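Report on one structure; see the data block that follows.
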Amino acid sequence: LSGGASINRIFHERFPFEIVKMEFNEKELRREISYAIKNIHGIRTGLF
Amino acid sequence: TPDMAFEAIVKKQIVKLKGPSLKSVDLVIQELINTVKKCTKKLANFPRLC
């Protein structure tokens, strides 16, 4: 396999996949968010 | 929607209660000073005391 053809694979196959691979761990992420919204508000109240 | 914009407008409105509120104190001071002057007509016979 040639070098340049591989580069296309790097750009359009590897890079996307490397990105997809980094897990969100969303349950722990959602916690981060909820903590985040309480902290911006905090000492102020509610809406919006 | 800006949480702080709500607060901003309200704080403007609340400040506007200083006028009618101070005025109220004066209207009370007026009635109070009138009353002490009303009562002291019963003590008018003594000029220096009244």
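By order in the structure tokens, chains are A, B, ...; within a chain, residues start at 1; ligands start at 1, following the order shown.
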### Task
Pick out the chain B residues within 8 Å of chain A. Count only C-alpha atoms. Give them as a list in words.
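Residues passing the distance filter: residues 1, 2 and 3 of chain B.
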What are the DSSP helix (DSSP H, G or I) residues of chain B, as a PDB file with N, CA, C and O atoms, in the first residue's frame?
```pdb
ATOM      1  N   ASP B   3     -31.041  35.567  33.041  1.00  0.00           N
ATOM      2  CA  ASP B   3     -31.518  35.564  34.418  1.00  0.00           C
ATOM      3  C   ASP B   3     -31.298  36.942  35.044  1.00  0.00           C
ATOM      4  O   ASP B   3     -32.144  37.459  35.764  1.00  0.00           O
ATOM      5  N   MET B   4     -30.159  37.544  34.719  1.00  0.00           N
ATOM      6  CA  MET B   4     -29.726  38.809  35.304  1.00  0.00           C
ATOM      7  C   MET B   4     -30.486  40.020  34.757  1.00  0.00           C
ATOM      8  O   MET B   4     -30.549  41.058  35.406  1.00  0.00           O
ATOM      9  N   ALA B   5     -31.037  39.902  33.555  1.00  0.00           N
ATOM     10  CA  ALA B   5     -31.826  40.989  32.991  1.00  0.00           C
ATOM     11  C   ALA B   5     -33.087  41.223  33.807  1.00  0.00           C
ATOM     12  O   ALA B   5     -33.489  42.366  34.013  1.00  0.00           O
ATOM     13  N   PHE B   6     -33.720  40.142  34.261  1.00  0.00           N
ATOM     14  CA  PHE B   6     -34.901  40.242  35.125  1.00  0.00           C
ATOM     15  C   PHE B   6     -34.570  41.037  36.380  1.00  0.00           C
ATOM     16  O   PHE B   6     -35.215  42.039  36.682  1.00  0.00           O
ATOM     17  N   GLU B   7     -33.549  40.573  37.092  1.00  0.00           N
ATOM     18  CA  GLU B   7     -33.052  41.226  38.295  1.00  0.00           C
ATOM     19  C   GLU B   7     -32.725  42.702  38.069  1.00  0.00           C
ATOM     20  O   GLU B   7     -33.046  43.550  38.894  1.00  0.00           O
ATOM     21  N   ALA B   8     -32.088  42.992  36.940  1.00  0.00           N
ATOM     22  CA  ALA B   8     -31.704  44.349  36.568  1.00  0.00           C
ATOM     23  C   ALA B   8     -32.893  45.299  36.556  1.00  0.00           C
ATOM     24  O   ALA B   8     -32.814  46.409  37.073  1.00  0.00           O
ATOM     25  N   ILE B   9     -33.983  44.870  35.930  1.00  0.00           N
ATOM     26  CA  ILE B   9     -35.169  45.704  35.803  1.00  0.00           C
ATOM     27  C   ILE B   9     -35.878  45.885  37.137  1.00  0.00           C
ATOM     28  O   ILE B   9     -36.284  46.991  37.485  1.00  0.00           O
ATOM     29  N   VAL B  10     -36.013  44.796  37.888  1.00  0.00           N
ATOM     30  CA  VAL B  10     -36.647  44.837  39.207  1.00  0.00           C
ATOM     31  C   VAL B  10     -35.951  45.810  40.150  1.00  0.00           C
ATOM     32  O   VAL B  10     -36.598  46.669  40.744  1.00  0.00           O
ATOM     33  N   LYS B  11     -34.634  45.677  40.269  1.00  0.00           N
ATOM     34  CA  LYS B  11     -33.838  46.549  41.126  1.00  0.00           C
ATOM     35  C   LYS B  11     -34.102  48.020  40.816  1.00  0.00           C
ATOM     36  O   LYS B  11     -34.105  48.849  41.716  1.00  0.00           O
ATOM     37  N   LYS B  12     -34.320  48.337  39.544  1.00  0.00           N
ATOM     38  CA  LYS B  12     -34.736  49.681  39.142  1.00  0.00           C
ATOM     39  C   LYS B  12     -36.050  50.084  39.806  1.00  0.00           C
ATOM     40  O   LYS B  12     -36.146  51.161  40.393  1.00  0.00           O
ATOM     41  N   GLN B  13     -37.070  49.243  39.656  1.00  0.00           N
ATOM     42  CA  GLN B  13     -38.388  49.481  40.251  1.00  0.00           C
ATOM     43  C   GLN B  13     -38.422  49.584  41.782  1.00  0.00           C
ATOM     44  O   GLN B  13     -39.130  50.428  42.324  1.00  0.00           O
ATOM     45  N   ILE B  14     -37.670  48.730  42.474  1.00  0.00           N
ATOM     46  CA  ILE B  14     -37.666  48.741  43.933  1.00  0.00           C
ATOM     47  C   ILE B  14     -37.120  50.052  44.469  1.00  0.00           C
ATOM     48  O   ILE B  14     -37.712  50.648  45.368  1.00  0.00           O
ATOM     49  N   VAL B  15     -36.025  50.521  43.880  1.00  0.00           N
ATOM     50  CA  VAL B  15     -35.431  51.808  44.234  1.00  0.00           C
ATOM     51  C   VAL B  15     -36.460  52.947  44.183  1.00  0.00           C
ATOM     52  O   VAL B  15     -36.366  53.917  44.939  1.00  0.00           O
ATOM     53  N   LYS B  18     -38.407  54.644  47.375  1.00  0.00           N
ATOM     54  CA  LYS B  18     -37.782  55.494  48.379  1.00  0.00           C
ATOM     55  C   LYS B  18     -38.532  56.813  48.515  1.00  0.00           C
ATOM     56  O   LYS B  18     -38.717  57.324  49.616  1.00  0.00           O
ATOM     57  N   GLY B  19     -38.960  57.360  47.383  1.00  0.00           N
ATOM     58  CA  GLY B  19     -39.703  58.605  47.371  1.00  0.00           C
ATOM     59  C   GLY B  19     -40.957  58.581  48.224  1.00  0.00           C
ATOM     60  O   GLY B  19     -41.007  59.249  49.254  1.00  0.00           O
ATOM     61  N   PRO B  20     -41.966  57.794  47.813  1.00  0.00           N
ATOM     62  CA  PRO B  20     -43.228  57.705  48.555  1.00  0.00           C
ATOM     63  C   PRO B  20     -43.054  57.206  49.986  1.00  0.00           C
ATOM     64  O   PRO B  20     -43.929  57.432  50.824  1.00  0.00           O
ATOM     65  N   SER B  21     -41.938  56.548  50.269  1.00  0.00           N
ATOM     66  CA  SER B  21     -41.740  56.001  51.597  1.00  0.00           C
ATOM     67  C   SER B  21     -41.207  57.091  52.538  1.00  0.00           C
ATOM     68  O   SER B  21     -41.700  57.251  53.656  1.00  0.00           O
ATOM     69  N   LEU B  22     -40.218  57.851  52.078  1.00  0.00           N
ATOM     70  CA  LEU B  22     -39.723  59.003  52.828  1.00  0.00           C
ATOM     71  C   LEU B  22     -40.816  60.041  53.018  1.00  0.00           C
ATOM     72  O   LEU B  22     -40.923  60.645  54.081  1.00  0.00           O
ATOM     73  N   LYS B  23     -41.611  60.255  51.974  1.00  0.00           N
ATOM     74  CA  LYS B  23     -42.734  61.183  52.033  1.00  0.00           C
ATOM     75  C   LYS B  23     -43.665  60.800  53.173  1.00  0.00           C
ATOM     76  O   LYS B  23     -44.111  61.655  53.942  1.00  0.00           O
ATOM     77  N   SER B  24     -43.939  59.502  53.278  1.00  0.00           N
ATOM     78  CA  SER B  24     -44.804  58.965  54.323  1.00  0.00           C
ATOM     79  C   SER B  24     -44.315  59.345  55.726  1.00  0.00           C
ATOM     80  O   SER B  24     -45.094  59.806  56.558  1.00  0.00           O
ATOM     81  N   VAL B  25     -43.022  59.166  55.974  1.00  0.00           N
ATOM     82  CA  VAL B  25     -42.425  59.560  57.244  1.00  0.00           C
ATOM     83  C   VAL B  25     -42.673  61.039  57.538  1.00  0.00           C
ATOM     84  O   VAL B  25     -42.993  61.405  58.669  1.00  0.00           O
ATOM     85  N   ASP B  26     -42.554  61.882  56.519  1.00  0.00           N
ATOM     86  CA  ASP B  26     -42.787  63.310  56.698  1.00  0.00           C
ATOM     87  C   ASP B  26     -44.240  63.591  57.053  1.00  0.00           C
ATOM     88  O   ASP B  26     -44.519  64.341  57.991  1.00  0.00           O
ATOM     89  N   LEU B  27     -45.162  62.994  56.302  1.00  0.00           N
ATOM     90  CA  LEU B  27     -46.590  63.109  56.597  1.00  0.00           C
ATOM     91  C   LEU B  27     -46.938  62.678  58.024  1.00  0.00           C
ATOM     92  O   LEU B  27     -47.915  63.148  58.596  1.00  0.00           O
ATOM     93  N   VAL B  28     -46.131  61.789  58.595  1.00  0.00           N
ATOM     94  CA  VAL B  28     -46.338  61.333  59.963  1.00  0.00           C
ATOM     95  C   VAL B  28     -45.757  62.353  60.924  1.00  0.00           C
ATOM     96  O   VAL B  28     -46.377  62.695  61.929  1.00  0.00           O
ATOM     97  N   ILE B  29     -44.569  62.849  60.595  1.00  0.00           N
ATOM     98  CA  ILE B  29     -43.916  63.899  61.369  1.00  0.00           C
ATOM     99  C   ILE B  29     -44.799  65.143  61.461  1.00  0.00           C
ATOM    100  O   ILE B  29     -44.849  65.816  62.495  1.00  0.00           O
ATOM    101  N   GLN B  30     -45.513  65.424  60.375  1.00  0.00           N
ATOM    102  CA  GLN B  30     -46.394  66.578  60.310  1.00  0.00           C
ATOM    103  C   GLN B  30     -47.536  66.406  61.300  1.00  0.00           C
ATOM    104  O   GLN B  30     -47.794  67.288  62.112  1.00  0.00           O
ATOM    105  N   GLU B  31     -48.216  65.266  61.238  1.00  0.00           N
ATOM    106  CA  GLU B  31     -49.316  64.989  62.157  1.00  0.00           C
ATOM    107  C   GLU B  31     -48.844  64.898  63.602  1.00  0.00           C
ATOM    108  O   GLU B  31     -49.576  65.246  64.522  1.00  0.00           O
ATOM    109  N   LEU B  32     -47.620  64.430  63.807  1.00  0.00           N
ATOM    110  CA  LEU B  32     -47.097  64.321  65.162  1.00  0.00           C
ATOM    111  C   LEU B  32     -46.796  65.695  65.758  1.00  0.00           C
ATOM    112  O   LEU B  32     -47.169  65.977  66.896  1.00  0.00           O
ATOM    113  N   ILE B  33     -46.149  66.554  64.977  1.00  0.00           N
ATOM    114  CA  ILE B  33     -45.798  67.890  65.450  1.00  0.00           C
ATOM    115  C   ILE B  33     -47.056  68.754  65.624  1.00  0.00           C
ATOM    116  O   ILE B  33     -47.109  69.594  66.521  1.00  0.00           O
ATOM    117  N   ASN B  34     -48.054  68.565  64.763  1.00  0.00           N
ATOM    118  CA  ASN B  34     -49.355  69.204  64.950  1.00  0.00           C
ATOM    119  C   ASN B  34     -50.029  68.813  66.257  1.00  0.00           C
ATOM    120  O   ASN B  34     -50.663  69.645  66.905  1.00  0.00           O
ATOM    121  N   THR B  35     -49.899  67.546  66.637  1.00  0.00           N
ATOM    122  CA  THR B  35     -50.589  67.040  67.820  1.00  0.00           C
ATOM    123  C   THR B  35     -49.973  67.561  69.118  1.00  0.00           C
ATOM    124  O   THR B  35     -50.698  67.959  70.031  1.00  0.00           O
ATOM    125  N   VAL B  36     -48.646  67.583  69.202  1.00  0.00           N
ATOM    126  CA  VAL B  36     -47.995  68.139  70.384  1.00  0.00           C
ATOM    127  C   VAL B  36     -48.339  69.622  70.536  1.00  0.00           C
ATOM    128  O   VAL B  36     -48.402  70.142  71.650  1.00  0.00           O
ATOM    129  N   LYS B  37     -48.580  70.295  69.414  1.00  0.00           N
ATOM    130  CA  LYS B  37     -48.946  71.704  69.437  1.00  0.00           C
ATOM    131  C   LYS B  37     -50.414  71.860  69.811  1.00  0.00           C
ATOM    132  O   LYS B  37     -50.802  72.862  70.408  1.00  0.00           O
ATOM    133  N   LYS B  38     -51.226  70.863  69.465  1.00  0.00           N
ATOM    134  CA  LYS B  38     -52.635  70.869  69.843  1.00  0.00           C
ATOM    135  C   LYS B  38     -52.781  70.688  71.353  1.00  0.00           C
ATOM    136  O   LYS B  38     -53.470  71.466  72.018  1.00  0.00           O
ATOM    137  N   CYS B  39     -52.136  69.653  71.881  1.00  0.00           N
ATOM    138  CA  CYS B  39     -52.135  69.382  73.317  1.00  0.00           C
ATOM    139  C   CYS B  39     -51.638  70.551  74.167  1.00  0.00           C
ATOM    140  O   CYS B  39     -52.165  70.796  75.250  1.00  0.00           O
TER     141      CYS B  39
END
```
